[PDB]
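To keep things clear, I will list the structure first and then write my remarks on it.
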Amino acid sequence: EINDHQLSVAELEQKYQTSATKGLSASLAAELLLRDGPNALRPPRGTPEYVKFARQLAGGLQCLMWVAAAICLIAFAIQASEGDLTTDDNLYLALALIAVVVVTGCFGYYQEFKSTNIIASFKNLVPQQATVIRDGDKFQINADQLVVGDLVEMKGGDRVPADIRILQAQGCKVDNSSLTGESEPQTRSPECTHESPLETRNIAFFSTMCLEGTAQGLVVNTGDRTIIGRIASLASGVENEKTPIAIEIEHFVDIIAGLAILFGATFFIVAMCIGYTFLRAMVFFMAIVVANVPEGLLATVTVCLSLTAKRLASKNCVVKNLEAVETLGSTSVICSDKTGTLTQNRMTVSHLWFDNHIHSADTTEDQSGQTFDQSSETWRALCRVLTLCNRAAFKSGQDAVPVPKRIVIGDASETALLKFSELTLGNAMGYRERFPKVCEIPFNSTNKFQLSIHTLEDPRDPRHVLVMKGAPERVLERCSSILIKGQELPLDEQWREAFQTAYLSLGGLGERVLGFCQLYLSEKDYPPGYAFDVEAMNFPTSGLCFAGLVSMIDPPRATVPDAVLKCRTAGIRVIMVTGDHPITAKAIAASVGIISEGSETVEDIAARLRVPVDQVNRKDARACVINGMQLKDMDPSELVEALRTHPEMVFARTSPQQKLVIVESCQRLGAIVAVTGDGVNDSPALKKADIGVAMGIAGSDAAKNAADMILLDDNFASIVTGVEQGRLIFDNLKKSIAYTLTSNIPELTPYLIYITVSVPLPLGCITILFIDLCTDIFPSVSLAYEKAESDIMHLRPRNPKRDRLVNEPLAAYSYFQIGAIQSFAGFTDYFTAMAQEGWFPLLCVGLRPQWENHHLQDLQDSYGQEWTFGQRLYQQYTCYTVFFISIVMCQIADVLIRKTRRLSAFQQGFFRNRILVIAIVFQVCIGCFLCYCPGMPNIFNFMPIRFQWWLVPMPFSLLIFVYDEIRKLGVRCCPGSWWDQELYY
Amino acid sequence: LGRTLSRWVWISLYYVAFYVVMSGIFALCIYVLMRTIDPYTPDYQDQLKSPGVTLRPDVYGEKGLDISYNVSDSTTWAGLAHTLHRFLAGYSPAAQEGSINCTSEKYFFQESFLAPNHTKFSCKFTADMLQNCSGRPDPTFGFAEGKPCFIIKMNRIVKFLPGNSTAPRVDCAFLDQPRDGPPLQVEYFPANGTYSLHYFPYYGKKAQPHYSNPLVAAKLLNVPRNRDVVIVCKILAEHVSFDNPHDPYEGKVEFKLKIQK
Ligand SMILES: Cc1nc2c3c(ccn2c1C)[C@@H](O)[C@H](O)[C@H](c1ccccc1)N3
Ligand SMILES: *[C@@H]1O[C@H](CO)[C@@H](O)[C@H](O)[C@H]1NC(C)=O
Ligand SMILES: *[C@@H]1O[C@H](CO)[C@@H](O)[C@H](O)[C@H]1NC(C)=O
Ligand SMILES: *[C@@H]1O[C@H](CO)[C@@H](O)[C@H](O)[C@H]1NC(C)=O
Ligand SMILES: [Mg+2]
Ligand SMILES: [Rb+]
Ligand SMILES: [Rb+]
Ligand SMILES: [Rb+]
Ligand SMILES: [Rb+]
């Protein structure tokens, strides 16, 4: 790349077999097109859709659900050697496990397809073109047809077609705001300025836009060999990290798996001691390890994550993975690109100087801010000089698009002036067409002014307006009076000096100061119809009357200055990463709030104190601006110390890779980093981030493709929604998972006892399946429609290593306390239903052999009555159908108690969550349908049940409510160490 | 996890306390449950709608009762006969001694307990009623002559009445054998196959400790030799149903029989 802008035209036109005058040949240019391929970025070469659904099938919970299904099928072999009966339960359980993983994967694939298509519903499929000189002729072709060495002509308003070396140019200015963050329009000259082609001036870049001027050059690189291409392809090398929620789900599948292995090993050893054969004791070990696995928790988690993505979509924020919906609530540091993401990347007029006042304007797009004084006599003249002396014009049919977003045909300087006249005055072009243009001299260095002589509106004035605009010091050397407070006062040394003190004040803010002067021409010296001339001046090029100054800059976006504030009030550290020069960075960091008011760098303390920066101690500075040249000289230890030592940080003149280094360092130190971005300079550092947000309109396709979140409206306020909802689901999933976890023990303990005491089987697999995959989905999903238990948006960011989604207190509580109460409810109802129909609890002990024997059709009960296999099979089904209702009625309490973790249900409100109550009703309705529908006795294992056993568990449910209310009042009333350490989940 | 050894004791005490609290609740619940249970009468007895029918000798190789034997080999029917005999060792004259000689043909209704230790009186059944299908004079119960004696018993349901009009009778007959082969010729002992109506109602083991179910026997005379046959023994009574497809042993017992000579 270095030895292509340093060459001479003689050596270049031999390298590429072209001419700087005549261009490529029609033949060679069609050969190079088949050699080097099209001048287009290479899309990802791999998109197989089957390997797209396969990825959805893989996850931590999915891995457990997969290994447990394999365990079930291996059990269906250990239990096929010894021929057993009703063994098809294992097949149902394993098939349901695999079915859940499959259908949740299908959901995920569908809702990623939807997102990608939406993100492509805003993309521009209009071919970008170029003007090519081939065989000596200038014609217009598609940019994908250009080949290395072709002669290209660039005009104002034309996107640069390739990576070009400037051979000749007249005042050409391009917007390298994708490669660099350079808001300030950059000049392109045919002469070598640097050798890093990023900072030299003889090179134009692939996806940059020619703001103003005219140029002619040689294509030095096409395709993925352009600077664009190598940055976007480096972005392919970086590999996205696991989302935080994925790490926490993996820690959860560590907890449940370790608990399963402990449980199964304990009861395998116990079974060998009891006298069971090694093979059958190991089948029971397998049964325990499957019982710890949750069949439906993946479904409810996926549904919750989808319901908090629909919300964000309605706030014009689309997520690619369902996992991104949480990631912004765990974030501790936000890294943001200055241009485009934080600013508007649109030169608008910011300030003015007239009537000896520095007026300030509304730089916003919503026009929310406060405008200036628009009543002075001077303002109307200024709004005439700026309106008339503007050869720019809006494109056709944009009268519904907002004025800032409209496409204008004109210079960077003139476009802002035209939009200013449109907003302040309205119908700027129509107003300009009330004053014809007799003569004009727009762009000459000798005169340095845009002169336009117009004729006044009324024929009452044959007088002629002379409006001219240009650099203020080129204006004042040609003016003699100043318009102040309804008067034409003369230009004393004082007025000249005040003009200078305004030029040098509005230009110290990093703004484009432009000066405007005007004069009224006589009806006698210049009667209507004067024939003006330029070569021999016949009009006044001197003795004009100053109107005012107008200054333009790249302004901050509307909602950004408040968005970063509400982020910072949540403990999030906002850091800026820009490629623009340091002064602009500090300005748009103070404005938006990254740098607090009253904060000063080590270089500012050295001006307050007039001390060498060396002696100023660093710890006394809370801000710092670090350039790329001195970020490349800095080792890891220096970065960690400088990052913590100065809390508010602005990184300047960074590169694609330096941003990646910053993100990597923060992540290594133990932070969850989020990158907000636009343009190809952020595609590297948007992948490595835990969440990459891209502007959906102003962002380049590379940064919108290497992202996880797309803001379709470019509203930077959506970030401060993504945190709170993202926080809520964490706290609202910690609840949901908790509820579901409780169901393991009231299901396991039946079976654990069916072998330990040899009682008839209380609960069967076809019924635990109905508990997990039908009755307990609506409750847990409803638990995410809850509301905040604190000012979640003021809480400091969650600590990754201490604060976890599932911790040992949560699982231990949900199992050993609550699920133990549920197991007792089931056992009471089991012994009760059996005793009412003839089997007292003592006889139930050890009865399973004869209960399950197919050869005993005369088994006699506690009353001495003799039962066949079918009669007591139906009664076993009754034990099933009462343990079923025991669990569901003891979990109608669970959903309510888990709707809060610290506050009581009375305060929040029992019925405040609507979906929760709908789910409670649906739970009881599915129970009644399953028990009392004709045929369910043999379709499934549910039968009509007496109405006394519905109420045996209700005491237990109210015990659950009482226990959780007391253990929640224990934490809130007494925020003591004992309760919070031992009894808080 | 060893977070703190001293704190471990306090939370261990909390967990043992929680479990013993709920264990006391559970124990109280089972005891109040058992105090709500009458010991002579089942509280609900829902699934005991119609009675089960059980057969001796009971031999299931697979897929139900399959009794196949050779008359010329004592080892093929000795176990069958011994199961019959050890079954009837409690239907013995001096082992059924705790009951009373029952001569009331219509019924045995008893509303008050008139036996030692607040027990009730029970009806009697000895092996003699099975005149030919007893150890007297054939200790093979008909199996050595190719005329086997299969004894049919009905399951007992507390205060269950099977119909007053006549007595329940076992019709044993060939299942799907309408061929030129003749109907199963059976001689039932007691004659006419009647379970006498004074063995109903059953009032529970606490009420009638010495109660023994009535029995009927079928001497299968017509059974062909070296042919696998299938026989259905149905009990015909008002309150007895034999059409249940989820209990093939409701009011009927079906068995496969092969006598090989
Ligand atoms: C929690 C629980 N698990 C079972 C269960 C059965 C019955 C009741 N069960 C209960 C209440 C049988 O169908 C099977 O042994 C089945 C099984 C077998 C091997 C491996 C995994 C599962 N597991
Ligand atoms: C039947 O009654 C007689 C009296 O008629 C009595 O000896 C006994 O209870 C029964 N018979 C025998 C032989 O035991
Ligand atoms: C039953 O026994 C009697 C005498 O013991 C005998 O006369 C009669 O033939 C026997 N019936 C059958 C079917 O063998
Ligand atoms: C029955 O047993 C005898 C001797 O044990 C044997 O010879 C005969 O073949 C057997 N009958 C059949 C059908 O095998
Ligand atoms: Mg940008
Ligand atoms: Rb045992
Ligand atoms: Rb489970
Ligand atoms: Rb203002
Ligand atoms: Rb990413």
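Just remember, in the structure tokens the first chain shown is A, the second B, etc., residues are 1-based per chain, and ligands are 1-based in the order shown.
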
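Using only C-alpha atoms, one finds that the residues of chain A close to chain B, at 8 Å or less, are residues 817, 821, 824, 828, 831, 832, 835, 836, 837, 838, 855, 857, 858, 863, 864, 865, 866, 867, 868, 869, 870, 871, 872, 874, 875 and 982 of chain A.
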
Selection within 12 Å of ligand 2 by only C-alpha atoms and all ligand atoms, output as a list in words: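 I would give the residues around ligand 2 as residues 92, 93, 94, 95, 96, 97, 98, 99, 100, 101, 102, 103, 104, 123, 124, 125, 126 and 128 of chain B.
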
For N, CA, C and O atoms, I'd like the residues from the last selection saved as a PDB file, in the first residue's frame.
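The resulting file, result_32.pdb, is shown below:
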```
ATOM      1  N   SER B  92     -59.372 -76.976  55.034  1.00  0.00           N
ATOM      2  CA  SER B  92     -59.348 -78.229  55.764  1.00  0.00           C
ATOM      3  C   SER B  92     -60.393 -78.222  56.875  1.00  0.00           C
ATOM      4  O   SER B  92     -60.671 -77.173  57.465  1.00  0.00           O
ATOM      5  N   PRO B  93     -60.991 -79.386  57.153  1.00  0.00           N
ATOM      6  CA  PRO B  93     -62.060 -79.439  58.172  1.00  0.00           C
ATOM      7  C   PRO B  93     -61.666 -78.858  59.523  1.00  0.00           C
ATOM      8  O   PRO B  93     -62.435 -78.085  60.111  1.00  0.00           O
ATOM      9  N   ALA B  94     -60.474 -79.190  60.017  1.00  0.00           N
ATOM     10  CA  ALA B  94     -60.005 -78.745  61.322  1.00  0.00           C
ATOM     11  C   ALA B  94     -59.203 -77.449  61.258  1.00  0.00           C
ATOM     12  O   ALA B  94     -58.678 -77.005  62.285  1.00  0.00           O
ATOM     13  N   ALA B  95     -59.088 -76.841  60.077  1.00  0.00           N
ATOM     14  CA  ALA B  95     -58.510 -75.515  59.936  1.00  0.00           C
ATOM     15  C   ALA B  95     -59.553 -74.440  59.676  1.00  0.00           C
ATOM     16  O   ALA B  95     -59.312 -73.276  60.010  1.00  0.00           O
ATOM     17  N   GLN B  96     -60.700 -74.802  59.099  1.00  0.00           N
ATOM     18  CA  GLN B  96     -61.858 -73.925  59.001  1.00  0.00           C
ATOM     19  C   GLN B  96     -62.687 -73.925  60.287  1.00  0.00           C
ATOM     20  O   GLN B  96     -63.839 -73.481  60.278  1.00  0.00           O
ATOM     21  N   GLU B  97     -62.102 -74.399  61.391  1.00  0.00           N
ATOM     22  CA  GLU B  97     -62.821 -74.596  62.646  1.00  0.00           C
ATOM     23  C   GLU B  97     -63.325 -73.300  63.268  1.00  0.00           C
ATOM     24  O   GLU B  97     -64.274 -73.342  64.057  1.00  0.00           O
ATOM     25  N   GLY B  98     -62.728 -72.156  62.931  1.00  0.00           N
ATOM     26  CA  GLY B  98     -63.116 -70.900  63.548  1.00  0.00           C
ATOM     27  C   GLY B  98     -64.441 -70.342  63.072  1.00  0.00           C
ATOM     28  O   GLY B  98     -64.932 -69.374  63.663  1.00  0.00           O
ATOM     29  N   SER B  99     -65.024 -70.925  62.028  1.00  0.00           N
ATOM     30  CA  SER B  99     -66.286 -70.485  61.460  1.00  0.00           C
ATOM     31  C   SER B  99     -67.412 -71.398  61.951  1.00  0.00           C
ATOM     32  O   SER B  99     -67.212 -72.242  62.830  1.00  0.00           O
ATOM     33  N   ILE B 100     -68.612 -71.231  61.390  1.00  0.00           N
ATOM     34  CA  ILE B 100     -69.809 -71.924  61.859  1.00  0.00           C
ATOM     35  C   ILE B 100     -70.468 -72.666  60.699  1.00  0.00           C
ATOM     36  O   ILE B 100     -70.432 -72.204  59.552  1.00  0.00           O
ATOM     37  N   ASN B 101     -71.056 -73.830  60.999  1.00  0.00           N
ATOM     38  CA  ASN B 101     -71.767 -74.601  59.982  1.00  0.00           C
ATOM     39  C   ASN B 101     -72.979 -73.804  59.503  1.00  0.00           C
ATOM     40  O   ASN B 101     -73.888 -73.505  60.284  1.00  0.00           O
ATOM     41  N   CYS B 102     -72.982 -73.453  58.217  1.00  0.00           N
ATOM     42  CA  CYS B 102     -73.953 -72.529  57.644  1.00  0.00           C
ATOM     43  C   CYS B 102     -75.019 -73.317  56.889  1.00  0.00           C
ATOM     44  O   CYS B 102     -74.713 -73.979  55.891  1.00  0.00           O
ATOM     45  N   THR B 103     -76.266 -73.239  57.355  1.00  0.00           N
ATOM     46  CA  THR B 103     -77.379 -73.915  56.699  1.00  0.00           C
ATOM     47  C   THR B 103     -78.408 -72.956  56.118  1.00  0.00           C
ATOM     48  O   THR B 103     -79.428 -73.412  55.590  1.00  0.00           O
ATOM     49  N   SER B 104     -78.175 -71.649  56.199  1.00  0.00           N
ATOM     50  CA  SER B 104     -79.121 -70.653  55.699  1.00  0.00           C
ATOM     51  C   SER B 104     -78.758 -70.348  54.251  1.00  0.00           C
ATOM     52  O   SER B 104     -77.771 -69.663  53.980  1.00  0.00           O
ATOM     53  N   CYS B 123     -68.992 -67.907  57.740  1.00  0.00           N
ATOM     54  CA  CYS B 123     -69.461 -69.144  57.133  1.00  0.00           C
ATOM     55  C   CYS B 123     -68.292 -70.078  56.817  1.00  0.00           C
ATOM     56  O   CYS B 123     -67.129 -69.670  56.764  1.00  0.00           O
ATOM     57  N   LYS B 124     -68.628 -71.347  56.586  1.00  0.00           N
ATOM     58  CA  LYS B 124     -67.669 -72.440  56.507  1.00  0.00           C
ATOM     59  C   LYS B 124     -67.579 -72.990  55.090  1.00  0.00           C
ATOM     60  O   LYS B 124     -68.565 -73.013  54.349  1.00  0.00           O
ATOM     61  N   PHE B 125     -66.382 -73.447  54.727  1.00  0.00           N
ATOM     62  CA  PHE B 125     -66.190 -74.196  53.490  1.00  0.00           C
ATOM     63  C   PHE B 125     -65.004 -75.128  53.667  1.00  0.00           C
ATOM     64  O   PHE B 125     -63.885 -74.670  53.921  1.00  0.00           O
ATOM     65  N   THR B 126     -65.253 -76.426  53.546  1.00  0.00           N
ATOM     66  CA  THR B 126     -64.216 -77.444  53.582  1.00  0.00           C
ATOM     67  C   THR B 126     -63.991 -78.002  52.184  1.00  0.00           C
ATOM     68  O   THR B 126     -64.757 -77.748  51.252  1.00  0.00           O
ATOM     69  N   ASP B 128     -64.469 -80.885  51.229  1.00  0.00           N
ATOM     70  CA  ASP B 128     -65.399 -81.952  50.884  1.00  0.00           C
ATOM     71  C   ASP B 128     -66.376 -81.520  49.802  1.00  0.00           C
ATOM     72  O   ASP B 128     -66.792 -82.345  48.981  1.00  0.00           O
TER      73      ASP B 128
END
```

Can you tell me which residues sit at most 7 Å away from ligand 4, counting only C-alpha atoms and all ligand atoms, written as a PyMOL selection string? chain B and resi 70-73+226+260-261

Those same residues - N, CA and C atoms - I'd like them written as a compact mmCIF listing (two decimals), in the first residue's frame.
```txt
# COMPACT_ATOMS: atom_id res chain seq x y z
N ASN B 70 -48.30 -83.66 30.61
CA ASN B 70 -48.30 -85.01 30.06
C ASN B 70 -48.78 -85.97 31.13
N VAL B 71 -49.86 -86.71 30.84
CA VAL B 71 -50.46 -87.58 31.85
C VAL B 71 -49.53 -88.73 32.21
N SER B 72 -48.66 -89.15 31.29
CA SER B 72 -47.78 -90.29 31.51
C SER B 72 -46.48 -89.91 32.23
N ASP B 73 -46.33 -88.65 32.62
CA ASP B 73 -45.17 -88.18 33.37
C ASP B 73 -45.67 -87.46 34.61
N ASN B 226 -53.53 -83.78 23.22
CA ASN B 226 -52.52 -83.31 22.28
C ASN B 226 -53.01 -82.13 21.44
N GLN B 260 -51.36 -83.74 27.00
CA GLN B 260 -50.58 -84.52 26.03
C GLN B 260 -50.43 -85.93 26.55
N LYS B 261 -50.93 -86.90 25.80
CA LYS B 261 -50.71 -88.28 26.17
C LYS B 261 -49.89 -88.98 25.09
```

Counting only C-alpha atoms and all ligand atoms, what residues are within 12 Å of ligand 3, given as a PyMOL selection string? chain B and resi 128-138+141-149+185-191+217-222

Can I get the selected residues back with C-alpha atoms, as a PDB file, in the first residue's frame?
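part03.pdb, written as the output of this step:
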```pdb
ATOM      1  CA  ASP B 128     -65.399 -81.952  50.884  1.00  0.00           C
ATOM      2  CA  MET B 129     -67.753 -79.778  48.823  1.00  0.00           C
ATOM      3  CA  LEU B 130     -65.372 -80.349  45.894  1.00  0.00           C
ATOM      4  CA  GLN B 131     -66.369 -83.995  46.067  1.00  0.00           C
ATOM      5  CA  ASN B 132     -64.327 -85.351  43.169  1.00  0.00           C
ATOM      6  CA  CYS B 133     -61.889 -82.427  42.916  1.00  0.00           C
ATOM      7  CA  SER B 134     -60.300 -83.055  46.289  1.00  0.00           C
ATOM      8  CA  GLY B 135     -57.476 -85.170  47.639  1.00  0.00           C
ATOM      9  CA  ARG B 136     -60.288 -87.752  48.336  1.00  0.00           C
ATOM     10  CA  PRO B 137     -60.048 -90.240  46.446  1.00  0.00           C
ATOM     11  CA  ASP B 138     -57.759 -88.657  43.846  1.00  0.00           C
ATOM     12  CA  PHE B 141     -57.366 -83.599  41.298  1.00  0.00           C
ATOM     13  CA  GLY B 142     -58.261 -85.216  37.984  1.00  0.00           C
ATOM     14  CA  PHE B 143     -54.984 -84.493  36.182  1.00  0.00           C
ATOM     15  CA  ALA B 144     -53.871 -88.120  35.818  1.00  0.00           C
ATOM     16  CA  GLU B 145     -56.949 -89.116  33.763  1.00  0.00           C
ATOM     17  CA  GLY B 146     -57.040 -86.132  31.400  1.00  0.00           C
ATOM     18  CA  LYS B 147     -60.046 -84.657  33.242  1.00  0.00           C
ATOM     19  CA  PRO B 148     -58.445 -81.815  35.203  1.00  0.00           C
ATOM     20  CA  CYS B 149     -60.135 -80.127  38.155  1.00  0.00           C
ATOM     21  CA  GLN B 185     -68.345 -80.977  28.981  1.00  0.00           C
ATOM     22  CA  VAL B 186     -67.786 -79.933  32.594  1.00  0.00           C
ATOM     23  CA  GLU B 187     -68.886 -81.527  35.849  1.00  0.00           C
ATOM     24  CA  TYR B 188     -68.892 -78.817  38.533  1.00  0.00           C
ATOM     25  CA  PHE B 189     -68.448 -79.538  42.247  1.00  0.00           C
ATOM     26  CA  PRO B 190     -70.516 -78.210  44.116  1.00  0.00           C
ATOM     27  CA  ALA B 191     -73.180 -79.313  41.649  1.00  0.00           C
ATOM     28  CA  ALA B 217     -64.438 -76.753  40.775  1.00  0.00           C
ATOM     29  CA  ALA B 218     -64.693 -77.728  37.113  1.00  0.00           C
ATOM     30  CA  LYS B 219     -63.841 -81.287  36.064  1.00  0.00           C
ATOM     31  CA  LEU B 220     -63.052 -80.843  32.356  1.00  0.00           C
ATOM     32  CA  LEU B 221     -64.220 -84.136  30.880  1.00  0.00           C
ATOM     33  CA  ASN B 222     -64.402 -83.415  27.148  1.00  0.00           C
TER      34      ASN B 222
END
```

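Between CA of residue 203 (chain A) and CA of residue 5 (chain A) the separation is 7.0 Å.
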
Within 8 Å of ligand 5, counting only C-alpha atoms and all ligand atoms: which residues, as a PyMOL selection string? chain A and resi 177-181+337-341+345+677-682+698-699

What parts of region 52-251 of chain B does DSSP call strand (DSSP E)? I'd like the answer as an NGL selection string. :B and (53-56 or 65-70 or 149-154 or 169-174 or 186-189 or 215-220 or 229-236)

For CA of residue 116 (chain A) and CA of residue 705 (chain A), quote the distance in Å rounded to one decimal.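 Going from CA of residue 116 (chain A) over to CA of residue 705 (chain A), I get 9.3 Å.
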
Taking into account only C-alpha atoms and all ligand atoms, which residue in the set A:312, A:896, A:723, A:324 is nearest to ligand 9? A:324

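When CA of residue 903 (chain A) is paired with CA of residue 728 (chain A), their separation reads 15.5 Å.
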
Considering only C-alpha atoms and all ligand atoms, state which residue in the set A:287, A:352, A:509, A:491 is at the smallest distance from ligand 8. A:352

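Take the candidates A:166, A:358, A:653, A:123 and check each one against residue 696 (chain A) using only C-alpha atoms; the shortest distance goes to A:123.
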